[PDB]
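Listing of protein-v9.txt, compact mmCIF, N, CA and C atoms
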# COMPACT_ATOMS: atom_id res chain seq x y z
N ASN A 1 -59.85 51.13 -36.07
CA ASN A 1 -59.20 50.58 -34.83
C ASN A 1 -58.54 49.23 -35.11
N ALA A 2 -57.54 49.21 -35.99
CA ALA A 2 -56.95 47.94 -36.47
C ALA A 2 -55.89 47.30 -35.57
N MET A 3 -55.45 48.01 -34.53
CA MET A 3 -54.47 47.47 -33.60
C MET A 3 -55.15 46.83 -32.40
N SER A 4 -54.69 45.64 -32.04
CA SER A 4 -55.23 44.94 -30.90
C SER A 4 -54.04 44.54 -30.06
N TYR A 5 -54.20 44.59 -28.73
CA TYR A 5 -53.11 44.38 -27.79
C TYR A 5 -53.43 43.21 -26.87
N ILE A 6 -54.72 42.98 -26.65
CA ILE A 6 -55.20 41.81 -25.93
C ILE A 6 -55.90 40.96 -26.97
N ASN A 7 -55.26 39.83 -27.30
CA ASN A 7 -55.60 39.00 -28.46
C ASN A 7 -56.27 37.69 -28.07
N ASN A 8 -56.86 37.02 -29.06
CA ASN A 8 -57.42 35.66 -28.89
C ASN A 8 -58.59 35.60 -27.92
N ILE A 9 -59.30 36.72 -27.84
CA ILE A 9 -60.46 36.88 -26.98
C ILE A 9 -61.28 38.04 -27.52
N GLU A 10 -62.60 37.87 -27.54
CA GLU A 10 -63.50 38.89 -28.05
C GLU A 10 -63.49 40.14 -27.22
N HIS A 11 -63.59 41.27 -27.91
CA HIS A 11 -63.61 42.57 -27.28
C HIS A 11 -65.05 43.02 -27.15
N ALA A 12 -65.32 43.93 -26.21
CA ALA A 12 -66.67 44.52 -26.06
C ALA A 12 -67.76 43.45 -25.90
N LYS A 13 -67.43 42.37 -25.18
CA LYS A 13 -68.40 41.31 -24.93
C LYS A 13 -68.26 40.80 -23.51
N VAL A 14 -69.37 40.63 -22.79
CA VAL A 14 -69.28 40.07 -21.43
C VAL A 14 -68.99 38.56 -21.54
N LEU A 15 -67.90 38.15 -20.90
CA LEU A 15 -67.37 36.79 -21.00
C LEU A 15 -67.19 36.19 -19.61
N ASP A 16 -67.10 34.86 -19.59
CA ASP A 16 -66.70 34.11 -18.42
C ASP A 16 -65.42 33.38 -18.82
N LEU A 17 -64.28 33.77 -18.23
CA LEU A 17 -62.99 33.17 -18.59
C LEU A 17 -62.94 31.64 -18.44
N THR A 18 -63.68 31.09 -17.47
CA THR A 18 -63.76 29.63 -17.30
C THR A 18 -64.53 28.95 -18.45
N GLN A 19 -65.23 29.74 -19.26
CA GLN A 19 -65.84 29.21 -20.47
C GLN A 19 -64.95 29.40 -21.69
N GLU A 20 -63.96 30.28 -21.59
CA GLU A 20 -63.07 30.58 -22.70
C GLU A 20 -62.01 29.50 -22.86
N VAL A 21 -61.70 28.79 -21.77
CA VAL A 21 -60.73 27.70 -21.78
C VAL A 21 -61.29 26.51 -20.99
N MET A 22 -61.95 25.61 -21.72
CA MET A 22 -62.62 24.46 -21.12
C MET A 22 -61.60 23.45 -20.59
N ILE A 23 -62.00 22.69 -19.57
CA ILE A 23 -61.16 21.61 -19.05
C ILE A 23 -61.33 20.41 -19.97
N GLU A 24 -60.24 19.86 -20.50
CA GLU A 24 -60.38 18.69 -21.38
C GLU A 24 -59.64 17.48 -20.82
N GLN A 25 -60.27 16.31 -20.95
CA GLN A 25 -59.75 15.06 -20.39
C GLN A 25 -58.29 14.86 -20.75
N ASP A 26 -57.46 14.68 -19.72
CA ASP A 26 -56.02 14.39 -19.83
C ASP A 26 -55.17 15.40 -20.63
N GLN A 27 -55.63 16.65 -20.66
CA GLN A 27 -55.03 17.68 -21.50
C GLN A 27 -54.90 19.00 -20.78
N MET A 28 -54.12 19.88 -21.40
CA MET A 28 -53.89 21.24 -20.96
C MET A 28 -54.20 22.12 -22.15
N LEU A 29 -54.93 23.21 -21.88
CA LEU A 29 -55.37 24.14 -22.90
C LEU A 29 -54.97 25.54 -22.50
N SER A 30 -54.68 26.35 -23.50
CA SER A 30 -54.34 27.71 -23.25
C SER A 30 -54.88 28.63 -24.29
N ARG A 31 -55.23 29.82 -23.81
CA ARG A 31 -55.62 30.91 -24.64
C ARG A 31 -54.67 32.03 -24.29
N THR A 32 -53.78 32.34 -25.24
CA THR A 32 -52.72 33.32 -25.00
C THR A 32 -53.14 34.73 -25.43
N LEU A 33 -53.43 35.55 -24.43
CA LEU A 33 -53.88 36.95 -24.60
C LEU A 33 -52.80 37.92 -25.04
N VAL A 34 -51.60 37.75 -24.49
CA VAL A 34 -50.46 38.62 -24.78
C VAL A 34 -49.22 37.77 -24.76
N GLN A 35 -48.37 37.94 -25.77
CA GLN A 35 -47.09 37.25 -25.79
C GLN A 35 -46.05 38.20 -26.35
N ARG A 36 -45.46 39.02 -25.49
CA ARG A 36 -44.43 39.98 -25.93
C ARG A 36 -43.20 39.90 -25.03
N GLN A 37 -42.17 40.67 -25.36
CA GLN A 37 -40.91 40.57 -24.62
C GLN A 37 -41.09 40.78 -23.11
N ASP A 38 -41.86 41.79 -22.72
CA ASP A 38 -41.96 42.13 -21.30
C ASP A 38 -43.27 41.74 -20.62
N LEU A 39 -44.09 40.92 -21.30
CA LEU A 39 -45.38 40.55 -20.75
C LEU A 39 -45.98 39.28 -21.38
N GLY A 40 -46.37 38.33 -20.54
CA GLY A 40 -47.23 37.20 -20.96
C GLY A 40 -48.56 37.24 -20.22
N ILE A 41 -49.67 37.10 -20.95
CA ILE A 41 -50.96 36.86 -20.29
C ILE A 41 -51.63 35.67 -20.96
N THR A 42 -51.99 34.68 -20.15
CA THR A 42 -52.50 33.42 -20.66
C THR A 42 -53.61 32.90 -19.75
N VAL A 43 -54.70 32.41 -20.35
CA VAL A 43 -55.69 31.64 -19.59
C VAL A 43 -55.40 30.15 -19.84
N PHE A 44 -55.35 29.36 -18.78
CA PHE A 44 -55.02 27.94 -18.87
C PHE A 44 -56.15 27.09 -18.33
N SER A 45 -56.26 25.86 -18.81
CA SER A 45 -56.96 24.83 -18.05
C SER A 45 -56.05 23.60 -18.01
N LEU A 46 -55.99 22.93 -16.87
CA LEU A 46 -55.30 21.65 -16.77
C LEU A 46 -56.28 20.65 -16.20
N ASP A 47 -56.40 19.47 -16.80
CA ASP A 47 -57.16 18.39 -16.17
C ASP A 47 -56.41 17.90 -14.95
N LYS A 48 -57.15 17.25 -14.06
CA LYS A 48 -56.61 16.63 -12.86
C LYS A 48 -55.39 15.77 -13.21
N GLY A 49 -54.30 15.95 -12.45
CA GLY A 49 -53.08 15.18 -12.67
C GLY A 49 -52.09 15.75 -13.67
N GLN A 50 -52.47 16.82 -14.37
CA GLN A 50 -51.56 17.44 -15.31
C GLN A 50 -50.56 18.32 -14.55
N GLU A 51 -49.42 18.62 -15.17
CA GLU A 51 -48.45 19.48 -14.51
C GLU A 51 -47.64 20.36 -15.45
N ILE A 52 -47.26 21.51 -14.91
CA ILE A 52 -46.30 22.38 -15.54
C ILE A 52 -45.00 22.17 -14.78
N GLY A 53 -44.00 21.65 -15.49
CA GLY A 53 -42.72 21.31 -14.88
C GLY A 53 -42.02 22.50 -14.27
N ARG A 54 -41.19 22.20 -13.28
CA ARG A 54 -40.30 23.16 -12.65
C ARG A 54 -39.61 24.04 -13.69
N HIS A 55 -39.68 25.35 -13.48
CA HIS A 55 -38.87 26.30 -14.24
C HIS A 55 -38.86 27.68 -13.57
N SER A 56 -37.99 28.56 -14.07
CA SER A 56 -37.89 29.93 -13.59
C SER A 56 -38.23 30.90 -14.72
N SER A 57 -38.91 31.99 -14.38
CA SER A 57 -39.14 33.11 -15.29
C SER A 57 -38.30 34.33 -14.87
N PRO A 58 -37.92 35.18 -15.84
CA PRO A 58 -37.32 36.46 -15.46
C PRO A 58 -38.33 37.52 -14.96
N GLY A 59 -39.63 37.23 -15.08
CA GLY A 59 -40.66 38.14 -14.57
C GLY A 59 -41.37 37.60 -13.33
N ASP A 60 -42.13 38.47 -12.66
CA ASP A 60 -43.01 38.03 -11.57
C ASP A 60 -44.27 37.46 -12.25
N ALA A 61 -44.72 36.32 -11.76
CA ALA A 61 -45.80 35.57 -12.39
C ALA A 61 -46.98 35.45 -11.44
N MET A 62 -48.05 36.17 -11.73
CA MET A 62 -49.19 36.16 -10.83
C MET A 62 -50.16 35.11 -11.33
N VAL A 63 -50.55 34.22 -10.41
CA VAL A 63 -51.47 33.14 -10.72
C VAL A 63 -52.76 33.37 -9.98
N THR A 64 -53.86 33.43 -10.73
CA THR A 64 -55.18 33.55 -10.15
C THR A 64 -55.98 32.30 -10.54
N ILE A 65 -56.39 31.52 -9.54
CA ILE A 65 -57.10 30.27 -9.75
C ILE A 65 -58.59 30.57 -9.94
N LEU A 66 -59.10 30.16 -11.09
CA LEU A 66 -60.45 30.51 -11.49
C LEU A 66 -61.47 29.43 -11.16
N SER A 67 -60.98 28.19 -11.02
CA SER A 67 -61.77 27.04 -10.59
C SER A 67 -60.83 25.93 -10.14
N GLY A 68 -61.35 24.97 -9.38
CA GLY A 68 -60.56 23.82 -8.93
C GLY A 68 -59.49 24.13 -7.90
N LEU A 69 -58.42 23.34 -7.92
CA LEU A 69 -57.37 23.44 -6.91
C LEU A 69 -56.03 23.12 -7.53
N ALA A 70 -55.03 23.93 -7.22
CA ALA A 70 -53.73 23.77 -7.83
C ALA A 70 -52.70 23.71 -6.73
N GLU A 71 -51.70 22.85 -6.90
CA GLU A 71 -50.56 22.81 -6.02
C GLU A 71 -49.40 23.52 -6.66
N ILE A 72 -48.98 24.59 -6.00
CA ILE A 72 -47.93 25.43 -6.50
C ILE A 72 -46.69 25.24 -5.64
N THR A 73 -45.58 25.01 -6.31
CA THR A 73 -44.28 24.91 -5.66
C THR A 73 -43.49 26.14 -6.02
N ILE A 74 -42.92 26.78 -5.02
CA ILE A 74 -42.03 27.91 -5.23
C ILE A 74 -40.76 27.59 -4.46
N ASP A 75 -39.67 27.37 -5.20
CA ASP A 75 -38.41 26.84 -4.64
C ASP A 75 -38.69 25.51 -3.93
N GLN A 76 -38.65 25.52 -2.60
CA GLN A 76 -38.90 24.31 -1.82
C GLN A 76 -40.38 24.08 -1.50
N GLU A 77 -41.11 25.18 -1.29
CA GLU A 77 -42.38 25.16 -0.57
C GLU A 77 -43.59 24.93 -1.47
N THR A 78 -44.58 24.20 -0.96
CA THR A 78 -45.84 24.02 -1.69
C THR A 78 -47.00 24.83 -1.11
N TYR A 79 -47.83 25.34 -2.01
CA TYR A 79 -48.97 26.16 -1.68
C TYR A 79 -50.15 25.54 -2.41
N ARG A 80 -51.26 25.35 -1.72
CA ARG A 80 -52.44 24.83 -2.40
C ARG A 80 -53.39 25.99 -2.65
N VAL A 81 -53.55 26.34 -3.91
CA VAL A 81 -54.26 27.55 -4.29
C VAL A 81 -55.63 27.17 -4.84
N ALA A 82 -56.68 27.58 -4.12
CA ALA A 82 -58.06 27.17 -4.42
C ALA A 82 -58.77 28.22 -5.27
N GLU A 83 -60.00 27.93 -5.71
CA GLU A 83 -60.78 28.90 -6.50
C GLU A 83 -60.88 30.24 -5.77
N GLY A 84 -60.60 31.33 -6.48
CA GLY A 84 -60.68 32.65 -5.87
C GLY A 84 -59.40 33.11 -5.17
N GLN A 85 -58.37 32.28 -5.19
CA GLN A 85 -57.12 32.62 -4.54
C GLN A 85 -56.05 32.93 -5.55
N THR A 86 -55.08 33.72 -5.12
CA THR A 86 -54.04 34.23 -5.96
C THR A 86 -52.67 34.09 -5.29
N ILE A 87 -51.64 33.88 -6.10
CA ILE A 87 -50.26 33.87 -5.60
C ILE A 87 -49.33 34.48 -6.64
N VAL A 88 -48.34 35.25 -6.18
CA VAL A 88 -47.32 35.79 -7.05
C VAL A 88 -46.07 34.97 -6.85
N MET A 89 -45.65 34.29 -7.92
CA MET A 89 -44.45 33.47 -7.90
C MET A 89 -43.31 34.37 -8.35
N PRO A 90 -42.35 34.64 -7.44
CA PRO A 90 -41.29 35.64 -7.69
C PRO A 90 -40.31 35.32 -8.83
N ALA A 91 -39.90 36.37 -9.54
CA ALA A 91 -38.94 36.26 -10.65
C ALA A 91 -37.68 35.52 -10.23
N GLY A 92 -37.19 34.67 -11.11
CA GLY A 92 -35.88 34.01 -10.90
C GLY A 92 -35.85 32.85 -9.93
N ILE A 93 -37.01 32.54 -9.33
CA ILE A 93 -37.13 31.44 -8.37
C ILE A 93 -37.90 30.31 -9.05
N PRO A 94 -37.34 29.08 -9.04
CA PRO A 94 -38.06 27.97 -9.66
C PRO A 94 -39.46 27.75 -9.07
N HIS A 95 -40.40 27.46 -9.95
CA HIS A 95 -41.77 27.13 -9.58
C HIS A 95 -42.32 26.03 -10.48
N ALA A 96 -43.34 25.36 -9.98
CA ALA A 96 -44.02 24.30 -10.69
C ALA A 96 -45.48 24.33 -10.29
N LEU A 97 -46.34 23.73 -11.11
CA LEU A 97 -47.77 23.68 -10.83
C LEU A 97 -48.30 22.27 -11.10
N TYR A 98 -49.05 21.71 -10.15
CA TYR A 98 -49.66 20.41 -10.30
C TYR A 98 -51.17 20.52 -10.10
N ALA A 99 -51.93 19.93 -11.02
CA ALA A 99 -53.38 19.98 -10.96
C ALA A 99 -53.89 18.93 -9.97
N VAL A 100 -54.02 19.32 -8.71
CA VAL A 100 -54.63 18.45 -7.69
C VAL A 100 -56.02 18.00 -8.12
N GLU A 101 -56.81 18.96 -8.59
CA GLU A 101 -58.06 18.69 -9.31
C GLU A 101 -57.87 19.42 -10.62
N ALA A 102 -58.76 19.18 -11.58
CA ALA A 102 -58.80 20.00 -12.78
C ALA A 102 -58.90 21.46 -12.31
N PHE A 103 -58.13 22.34 -12.92
CA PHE A 103 -58.23 23.74 -12.56
C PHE A 103 -58.07 24.64 -13.79
N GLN A 104 -58.53 25.88 -13.64
CA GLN A 104 -58.38 26.94 -14.65
C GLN A 104 -57.75 28.11 -13.93
N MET A 105 -56.85 28.82 -14.63
CA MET A 105 -56.14 29.96 -14.07
C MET A 105 -55.89 31.09 -15.05
N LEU A 106 -55.78 32.30 -14.51
CA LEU A 106 -55.26 33.41 -15.28
C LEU A 106 -53.82 33.58 -14.81
N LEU A 107 -52.90 33.62 -15.77
CA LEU A 107 -51.48 33.77 -15.51
C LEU A 107 -50.98 35.06 -16.14
N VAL A 108 -50.49 35.98 -15.31
CA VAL A 108 -49.99 37.25 -15.78
C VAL A 108 -48.49 37.30 -15.41
N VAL A 109 -47.64 37.31 -16.42
CA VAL A 109 -46.20 37.31 -16.18
C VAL A 109 -45.58 38.63 -16.58
N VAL A 110 -45.12 39.38 -15.57
CA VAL A 110 -44.63 40.71 -15.78
C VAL A 110 -43.10 40.70 -15.76
N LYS A 111 -42.52 40.93 -16.92
CA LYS A 111 -41.06 40.81 -17.12
C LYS A 111 -40.40 42.18 -17.20
N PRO A 112 -39.06 42.23 -17.04
CA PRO A 112 -38.32 43.50 -17.17
C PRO A 112 -38.68 44.22 -18.46
N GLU A 113 -38.87 45.53 -18.34
CA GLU A 113 -39.08 46.40 -19.49
C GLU A 113 -37.91 46.37 -20.50
N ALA A 114 -38.23 46.39 -21.80
CA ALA A 114 -39.61 46.39 -22.28
C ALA A 114 -39.77 45.73 -23.64

For this file, produce the structure as structure tokens.
Amino acid sequence: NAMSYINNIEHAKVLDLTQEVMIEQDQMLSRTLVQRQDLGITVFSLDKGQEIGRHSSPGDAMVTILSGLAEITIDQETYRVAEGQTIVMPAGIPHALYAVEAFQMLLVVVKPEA
């Protein structure tokens, strides 16, 4: 079984994603599960005050907040996404993320095939 499709994470093991990407002082960390033409999957942590600058993706980007609180901007509007909450940031529309508190997220970006 030499092919792996979900990378940088142990297989056949019970895990806690919030332990796979620790929050680090004044830093942002990522564990990139998938990085291909039509799909990104990444676990992130951002310390309080960190930010992902405004940009647009060609795919729909689903954000699931695993801990803390994140301020999400989609075009004009801001959304405060807390632990256990999810938002889909639509393809082609600028978005940004600000760490209101330190937070961890699963980011699944689904791009045009393939």

ask   = Which polymer residues have any atom within 5 Å of an atom of residue A:107, counting only N, CA and C atoms, with same-chain residues fewer than 2 positions away left out, as a PyMOL selection string?
value = chain A and resi 41-42+62-63+105+109

message = Nearest residue to residue A:100 out of A:57, A:19, A:50, A:25, using all atoms listed in the file?
response = A:50

Stretch 83-94 of chain A: which residues within 8 Å, counting all atoms listed in the file, same-chain residues fewer than 3 positions away excluded, as a CSV table (one decimal) with N, CA and C atoms, keeping the file's coordinate frame?
chain,number,residue,atom,x,y,z
A,53,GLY,N,-44.0,21.6,-15.5
A,53,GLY,CA,-42.7,21.3,-14.9
A,53,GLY,C,-42.0,22.5,-14.3
A,54,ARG,N,-41.2,22.2,-13.3
A,54,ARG,CA,-40.3,23.2,-12.6
A,54,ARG,C,-39.6,24.0,-13.7
A,55,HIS,N,-39.7,25.4,-13.5
A,55,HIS,CA,-38.9,26.3,-14.2
A,55,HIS,C,-38.9,27.7,-13.6
A,56,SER,N,-38.0,28.6,-14.1
A,56,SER,CA,-37.9,29.9,-13.6
A,56,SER,C,-38.2,30.9,-14.7
A,57,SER,N,-38.9,32.0,-14.4
A,57,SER,CA,-39.1,33.1,-15.3
A,57,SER,C,-38.3,34.3,-14.9
A,58,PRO,N,-37.9,35.2,-15.8
A,58,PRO,CA,-37.3,36.5,-15.5
A,58,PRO,C,-38.3,37.5,-15.0
A,59,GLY,N,-39.6,37.2,-15.1
A,59,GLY,CA,-40.7,38.1,-14.6
A,59,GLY,C,-41.4,37.6,-13.3
A,60,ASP,N,-42.1,38.5,-12.7
A,60,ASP,CA,-43.0,38.0,-11.6
A,60,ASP,C,-44.3,37.5,-12.2
A,61,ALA,N,-44.7,36.3,-11.8
A,61,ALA,CA,-45.8,35.6,-12.4
A,61,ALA,C,-47.0,35.4,-11.4
A,62,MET,N,-48.0,36.2,-11.7
A,62,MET,CA,-49.2,36.2,-10.8
A,62,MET,C,-50.2,35.1,-11.3
A,63,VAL,N,-50.6,34.2,-10.4
A,63,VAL,CA,-51.5,33.1,-10.7
A,63,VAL,C,-52.8,33.4,-10.0
A,64,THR,N,-53.9,33.4,-10.7
A,64,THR,CA,-55.2,33.6,-10.2
A,64,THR,C,-56.0,32.3,-10.5
A,65,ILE,N,-56.4,31.5,-9.5
A,65,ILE,CA,-57.1,30.3,-9.8
A,65,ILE,C,-58.6,30.6,-9.9
A,66,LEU,N,-59.1,30.2,-11.1
A,66,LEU,CA,-60.4,30.5,-11.5
A,66,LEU,C,-61.5,29.4,-11.2
A,67,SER,N,-61.0,28.2,-11.0
A,67,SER,CA,-61.8,27.0,-10.6
A,67,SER,C,-60.8,25.9,-10.1
A,68,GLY,N,-61.4,25.0,-9.4
A,68,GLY,CA,-60.6,23.8,-8.9
A,68,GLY,C,-59.5,24.1,-7.9
A,69,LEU,N,-58.4,23.3,-7.9
A,69,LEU,CA,-57.4,23.4,-6.9
A,69,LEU,C,-56.0,23.1,-7.5
A,70,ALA,N,-55.0,23.9,-7.2
A,70,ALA,CA,-53.7,23.8,-7.8
A,70,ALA,C,-52.7,23.7,-6.7
A,73,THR,N,-45.6,25.0,-6.3
A,73,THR,CA,-44.3,24.9,-5.7
A,73,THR,C,-43.5,26.1,-6.0
A,74,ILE,N,-42.9,26.8,-5.0
A,74,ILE,CA,-42.0,27.9,-5.2
A,74,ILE,C,-40.8,27.6,-4.5
A,75,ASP,N,-39.7,27.4,-5.2
A,75,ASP,CA,-38.4,26.8,-4.6
A,75,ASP,C,-38.7,25.5,-3.9
A,76,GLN,N,-38.6,25.5,-2.6
A,76,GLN,CA,-38.9,24.3,-1.8
A,76,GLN,C,-40.4,24.1,-1.5
A,80,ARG,N,-51.3,25.4,-1.7
A,80,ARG,CA,-52.4,24.8,-2.4
A,80,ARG,C,-53.4,26.0,-2.6
A,110,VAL,N,-45.1,39.4,-15.6
A,110,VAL,CA,-44.6,40.7,-15.8
A,110,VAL,C,-43.1,40.7,-15.8

ask   = Using only C-alpha atoms, which residues sit within 8 Å of stretch 26-34 of chain A once same-chain residues fewer than 5 positions away are excluded, as a ChimeraX atom specification?
value = /A:5-9,20-21,39-50

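Interatomic distance, atom C of residue A:96 to atom CA of residue A:82: 14.2 Å.
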
Size and centre in Å, one decimal, axis-aligned box, all listed stretch 80-98 of chain A atoms plus 8 Å per side, as JSON:
{"center_x": -48.4, "center_y": 28.4, "center_z": -6.4, "size_x": 41.0, "size_y": 32.0, "size_z": 25.4}

key: Interatomic distance, atom C of residue A:95 to atom C of residue A:16 (Å, one decimal)   =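 Calculated distance between atom C of residue A:95 and atom C of residue A:16 is 25.6 Å.
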
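Ranking A:1, A:104, A:71, A:113 by their shortest atom-to-atom distance to residue A:17, with only C-alpha atoms included, puts A:104 first.
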
query = By how many Å are atom C of residue A:12 and atom C of residue A:38 apart?
reply = 25.1 Å

key: Expected answer as JSON, numbers by chain: helix (DSSP H, G or I) residues in chain A   = {"A": [17, 18, 19, 20]}

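In terms of minimum interatomic distance to residue A:99, A:72 ranks closest within A:22, A:3, A:15, A:72, counting only C-alpha atoms.
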
ask   = DSSP says strand (DSSP E or B) for which residues of stretch 63-112 of chain A? Put them as a ChimeraX atom specification?
value = /A:63-67,69-74,77-82,86-89,95-99,103-110
